[PDB]
């Protein structure tokens, strides 16, 4: 089991740099920085992180092919690869409708757009020239092949991730989810003459760890609420939950009733959409994920009540693997 950790560039970058270095120091192998126009620039963040670290792999988790030309993305990743001396990773996903409407961007066929974006980035990152004539000149990747992970939350994306990516960042925290997802990724990989062993199945989980299991659960509630809000009914179906649970949280979060949403979050939901608790509790859960194909466990927001402490606690978990 490999470990990754997520950070949202909504706090001072100098602070994020220190936290990533801490994560590196306790054993995390991957650092994933979210990419959203309303937060700090993901590449300016990653660049400063690269300077403050030495071995952890880092990249956007995930960017998308719409807010920036895939060529600009390839260039930003190659630039990061040079700064980090070969530690860049590239996570890319379809993005979200809310964002694109606010940016006046047409959200046309995400799968094929991602497919085309990756094809172009593969070419550019390889130092090659695309049929259209695009080619990197003043920047060059260090790695022979920078890994490209696809954020995949649906069947077509999962199959596609198997076919063209090196990893899948799946927004899920429970074994049952990967029991359903991995097979799709495998089907895609085989179709491409690849093996499921070639794809790093990353569990992009809602993570909250603390000595106080109660405090841990409380810091994750708001995150789990949005997760539920954004999940299709067949997902609540999979976890033995009410098919309309998501809609419920949708309305609360919609109004802006965060307090009510938090209060609506019970144990059945925490169990379905997050990995929360004490260090000891994380172990069997991560093992269960591993048994379902997860090869990378990503500690996602909120990480814990106190990030610095929680990363230290996660270090204990990593030492157990």
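Positions refer to the first chain, counted from 1.
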Looking at the deposited entry, does 288 to 296 or 250 to 258 carry the larger mean Cα B-factor?
250 to 258
For the C-alpha atoms alone, is the average B factor greater in 135 to 143 or in 239 to 247, going by the entry?
239 to 247
Out of 269, 26, 67, 50, residue topping the C-alpha B-factor column of the entry:
269
Specify which of 81, 212, 200, 116 carries the largest Cα B factor in the deposited PDB entry.
212
Of the three thirds of its chain by CA temperature factor, lowest, middle or highest, which one includes residue 226?
highest
B-factor third for the C-alpha atom of residue 275 within its chain:
middle
Position of residue 282 among the chain's modelled residues by C-alpha B-factor, lowest, middle or highest third
highest
Quick tally, chain-level thirds of C-alpha B-factors: residue 105 sits in the middle
Entry-reported Cα temperature factor of residue 159, expressed as the chain third it lands in:
middle
